[PDB]
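Everything below concerns the one structure shown next.
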Amino acid sequence: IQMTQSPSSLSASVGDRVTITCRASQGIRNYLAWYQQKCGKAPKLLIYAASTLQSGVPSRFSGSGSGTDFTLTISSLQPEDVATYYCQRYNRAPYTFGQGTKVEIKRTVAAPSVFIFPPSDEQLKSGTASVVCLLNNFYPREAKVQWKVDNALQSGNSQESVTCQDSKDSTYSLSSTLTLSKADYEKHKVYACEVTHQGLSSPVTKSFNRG
Amino acid sequence: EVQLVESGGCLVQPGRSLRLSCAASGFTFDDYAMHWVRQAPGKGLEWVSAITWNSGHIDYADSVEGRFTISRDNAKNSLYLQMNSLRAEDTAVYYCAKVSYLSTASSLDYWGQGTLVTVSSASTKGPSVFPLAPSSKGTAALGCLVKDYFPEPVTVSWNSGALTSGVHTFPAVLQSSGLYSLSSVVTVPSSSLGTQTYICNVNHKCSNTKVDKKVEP
Numbered sequence: 002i003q004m005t006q007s008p009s010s011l012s013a014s015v016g017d018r019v020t021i022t023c024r025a026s027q028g029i030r031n032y033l034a035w036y037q038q039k040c041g042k043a044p045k046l047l048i049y050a051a052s053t054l055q056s057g058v059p060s061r062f063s064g065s066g067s068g069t070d071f072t073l074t075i076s077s078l079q080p081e082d083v084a085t086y087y088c089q090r091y092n093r094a095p096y097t098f099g100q101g102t103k104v105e106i107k108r109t110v111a112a113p114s115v116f117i118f119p120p121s122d123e124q125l126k127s128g129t130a131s132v133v134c135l136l137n138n139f140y141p142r143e144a145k146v147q148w149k150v151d152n153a154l155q156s157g158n159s160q161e162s163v164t165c166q167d168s169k170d171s172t173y174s175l176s177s178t179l180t181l182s183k184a185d186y187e188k189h190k191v192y193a194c195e196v197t198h199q200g201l202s203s204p205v206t207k208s209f210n211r212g
Numbered sequence: 001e002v003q004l005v006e007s008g009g010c011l012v013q014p015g016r017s018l019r020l021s022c023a024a025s026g027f028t029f030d031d032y033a034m035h036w037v038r039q040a041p042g043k044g045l046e047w048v049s050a051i052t053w054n055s056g057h058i059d060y061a062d063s064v065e066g067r068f069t070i071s072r073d074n075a076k077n078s079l080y081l082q083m084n085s086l087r088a089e090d091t092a093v094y095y096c097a098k099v100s101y102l103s104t105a106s107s108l109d110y111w112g113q114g115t116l117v118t119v120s121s122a123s124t125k126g127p128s129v130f131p132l133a134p135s136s137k142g143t144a145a146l147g148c149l150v151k152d153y154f155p156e157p158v159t160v161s162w163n164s165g166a167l168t169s170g171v172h173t174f175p176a177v178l179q180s181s182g183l184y185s186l187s188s189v190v191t192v193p194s195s196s197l198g199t200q201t202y203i204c205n206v207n208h209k210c211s212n213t214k215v216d217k218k219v220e221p
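Protein chains in written order, with the deposited numbering: chain A, 2 to 212; chain B, 1 to 137, 142 to 221.
Right, dumping it as structure tokens:
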């Protein structure tokens, strides 16, 4: 009663062939389905019977194996194949799902659009003041965002978010959110994020001066 | 067009017990085994429970034995999961799923969209919505800030859903306070900025609140 997908992650480029495996600890036989789950959506059945393919699912998803070692192949990665993939046994309970396998499409570098937002007067009436810096459509996913109030480089008081890679063009968007209380924000003037990214020849600093 | 709608679960206290429902339609309910599969926020799928069409056999996972109970009311085309002794770590999205064929040794070919259950003693709070108005910083960007609410989730649409191109609604991120915070932003043609009205519609189901902020330069 146990199934091991391998590997955990994999970033492939478009056109590539991508192989995920799934190792059953008992003898599932033909009794294995493969599931695709796109970001923030339910899962979809791609493959069942280890090797049959659900209607309208593209020929490019193809799985195989029998009994104990199984293997899903995506013969030509498209941009919409960035999902997470799961295997599952269904001979008899427990109908166990595999550990998962996240797959990220790998495009050329793309620098990010950068915006910045001082705190609403709406929010200052409520005591706290958060500044939001936006990173709009980029790859690769990593980027160093650095806050600086009066050039004093802030630490420990900002939190990032990041969207899933786009199914169309495989780009991320990030938001860092600096969070001060009206009293801290009201002392300083020079408020800035500055963004380093691989797609950037030199760092960017969008900034504003009020507070 | 087969569809499975889950409901019932929002916020629930540890030790206590909540009951998830899954009315189904668009196929003969009497025929297919049903499952419950759950996904822990930021974790894999996990198989919870299973039941034959005539409620005549049943299985649970070890994670679940002794606390949950699957059940089904074929007459009211509906599938239940009584969840007792809820632990903090039961917090997950809970899906029901029809079986491919007239057999239990069969895959899951339609999934509901799944209700989020959160297990916590903390109390529910609707969110403060704040405007991220467009200033200096060809195109320009504006958005909303959905601050300090609990539990997950909120839904943000723009201009009642008519606006969709170029919208980022970020994953909520939990704060020191223990409340979630959120940003939803759009890229817009700046040309329109003085003529076009942009409104974000936030809607926090678990606190009955719903707000419609209008963003202005």
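All C-beta atoms, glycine included, are put in the ideal place defined by N, C-alpha and C.
- [ ] Quick one: which unbroken beta strand (DSSP E) runs of 3-plus residues sit fully inside the stretch 94-122 of chain B? Chain order, please.
- [x] 108-111 and 115-119
TODO: Check whether the Cβ atoms of residue 200 (chain A) and residue 111 (chain A) sit closer than 8 Å, and answer yes or no.
DONE: yes
TODO: Taking only beta-carbon positions, decide if residue 59 (chain B) is within less than 8 Å of chain A.
DONE: So, interface residue.
- [ ] Quick one: list the residues of chain B neighbouring residue 27 (chain A), beta-carbon separation under 8 Å, in chain order.
- [x] Under the 8 Å cutoff, chain B gives no residues; its nearest Cβ is about 14 Å from residue 27 (chain A).
Task: Rounded straight-line distance, which links the Cα of residue 74 (chain B) to that of residue 59 (chain B) - done: Near 18 Å, if we compare the C-alpha coordinates of residue 74 (chain B) and residue 59 (chain B).
- [ ] Have a look at residue 147 (chain A) and residue 155 (chain A) and give me their C-alpha separation to the nearest angstrom.
- [x] 7 Å
Open item on the list: Just to confirm before moving on: does the CB-CB distance between residue 137 (chain B) and residue 116 (chain A) stay below 8 Å?
Closed with: Closer than 8 Å, so yes.
Task: Residues near residue 179 (chain B) by beta carbon distance below 8 Å, same chain, minus five either side - done: 152 and 185
- [ ] For residue 114 (chain B), return the contacting residues in chain A, with the cut-off set at a CB-CB distance below 7 Å.
- [x] 43
- [ ] Find the residues of chain A that neighbour residue 95 (chain B), judging by a C-beta separation of less than 9 Å, and give them in chain order.
- [x] What residue 95 (chain B) touches in chain A, judged by beta-carbon distance under 9 Å, is 43 and 44, going in chain order.
Open item on the list: Taking the straight line between their C-alpha atoms, what separation do you get for residue 68 (chain A) and residue 105 (chain B)?
Closed with: 14 Å
TODO: State the beta-bridge partners of residue 203 (chain B) as determined by DSSP.
DONE: B:218
TODO: Would you list the residues sitting across from residue 35 (chain A) in a DSSP beta bridge?
DONE: A:48 and A:88
Open item on the list: Helix, strand or coil for residue 116 (chain A)? Go by DSSP, reduced to three states.
Closed with: strand
Task: Test: residue 177 (chain B) CB closer than 8 Å to a CB of chain A - done: yes
Task: Whether residue 175 (chain A) touches residue 191 (chain A) by CB criterion (8 Å) - done: no
TODO: Name, please, each residue of chain B whose Cβ falls closer than 7 Å to the Cβ of residue 160 (chain A).
DONE: 177
TODO: Please decide whether residue 145 (chain B) counts as near chain A, where near means a Cβ-Cβ distance under 8 Å.
DONE: It does: the Cβ of residue 145 (chain B) has a partner Cβ on chain A nearer than 8 Å.
Task: For residue 201 (chain A): DSSP bridge partner residues - done: Beta-bridge pairing links residue 201 (chain A) to no other residue.
Task: Delimiting residues of the beta strand (DSSP E) encompassing residue 25 (chain A) - done: 19-25
TODO: Could you name the residues of the same chain whose beta carbon sits closer than 6 Å to that of residue 91 (chain A), not counting the 5 residues immediately before and after it, in chain order?
DONE: 32
Open item on the list: For the alpha helix (DSSP H) containing residue 145 (chain A), name the first residue and the last one.
Closed with: That residue, residue 145 (chain A), is in no alpha helix (DSSP H); its beta strand (DSSP E) goes 145-150.
- [ ] Could you check how far apart the C-beta atoms of residue 7 (chain B) and residue 115 (chain B) are, in whole angstroms? I think they sit under 8 Å.
- [x] 6 Å
TODO: For the stretch 77-92 of chain B, enumerate the residues whose C-beta is nearer than 7 Å to any C-beta of chain A, in chain order.
DONE: Within the stretch 77-92 of chain B, contact with chain A at the beta-carbon level (separation under 7 Å) is assigned to no residue.
- [ ] Grab the span of the beta strand (DSSP E) containing residue 6 (chain A) for me, first residue to last.
- [x] 4-7
- [ ] In angstroms with no decimal places, state the Cα-to-Cα distance between residue 63 (chain B) and residue 47 (chain B).
- [x] Straight-line Cα distance between these residues: approximately 9 Å.
- [ ] Say whether the stretch 68-83 of chain A touches the stretch 16-35 of chain A, bearing in mind that this needs 3 or more beta-carbon pairs closer than 8 Å, one atom from each stretch.
- [x] yes
Task: Burial state of residue 38 (chain B), where buried means 16 or more other Cβ atoms lie within 10 Å - done: buried
- [ ] Using a Cβ cut-off of 8 Å (strictly closer), state whether residue 49 (chain A) contacts chain B.
- [x] Answer yes: the Cβ-Cβ gap between residue 49 (chain A) and chain B drops below 8 Å somewhere.
Task: Reference residue 85 (chain B); option with closest CA among B:99, B:67 and B:96 - done: B:67
Task: Where the alpha helix (DSSP H) containing residue 124 (chain A) begins and where it ends - done: Going by DSSP, residue 124 (chain A) is part of the alpha helix (DSSP H) stretching over 122-125.
Open item on the list: Using the three-state DSSP reduction, which class does residue 197 (chain B) fall into: helix, strand or coil?
Closed with: Residue 197 (chain B): helix per DSSP, three-state reduction.
Task: Identity of the residues DSSP links to residue 210 (chain A) by a beta bridge - done: A:191
Task: residue 143 (chain A) versus residue 21 (chain A) - alpha carbon distance - done: 25 Å
Task: Pair within 8 Å by beta-carbon distance, residue 10 (chain A) and residue 103 (chain A) - done: yes
Task: 8 Å contact criterion, which residue 78 (chain B) and residue 23 (chain B) should meet: CB distance rounded - done: Right, their Cβ atoms sit about 5 Å apart.
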